[PDB]
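Each remark here refers to the structure printed beneath this line.
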Amino acid sequence: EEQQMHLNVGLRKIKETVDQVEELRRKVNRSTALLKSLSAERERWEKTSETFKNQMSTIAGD
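Structure below.
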């Protein structure tokens, strides 16, 4: 549970970073790098969170 809480806190922190980068946008290449890191991190952490619900399923028998 705490390992998923850490992931949720990290996701919220990444949202804060997204807000900061968007505020800064309002260099261009650095912003594009931040958006691509945004996409990569969102995908990886979303799939990690999806996987986390699988371990809770297979924890009792293990």
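Under full-length UniProt numbering, the letters of the sequence shown match residues 3195 to 3220, 3471 to 3506, in that order. Ideal Cβ placement from N, Cα and C applies to all residues, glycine included.
Query                                                                                                         : Result
Using the three-state DSSP reduction, which class does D3213 fall into: helix, strand or coil?                : helix
Would you verify that the beta carbon of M3199 is, or is not, closer than 7 Å to some beta carbon of chain B? : The displayed structure is made up of one protein chain only, and chain B is not part of it.
Whose C-alpha, out of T3495, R3486, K3491, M3500, is nearest the C-alpha of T3211?                            : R3486
Can you tell which of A3504, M3500, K3209 has the C-alpha that lies nearest to the C-alpha of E3196?          : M3500
Kindly indicate which three-state DSSP category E3487 falls into: helix, strand or coil?                      : helix
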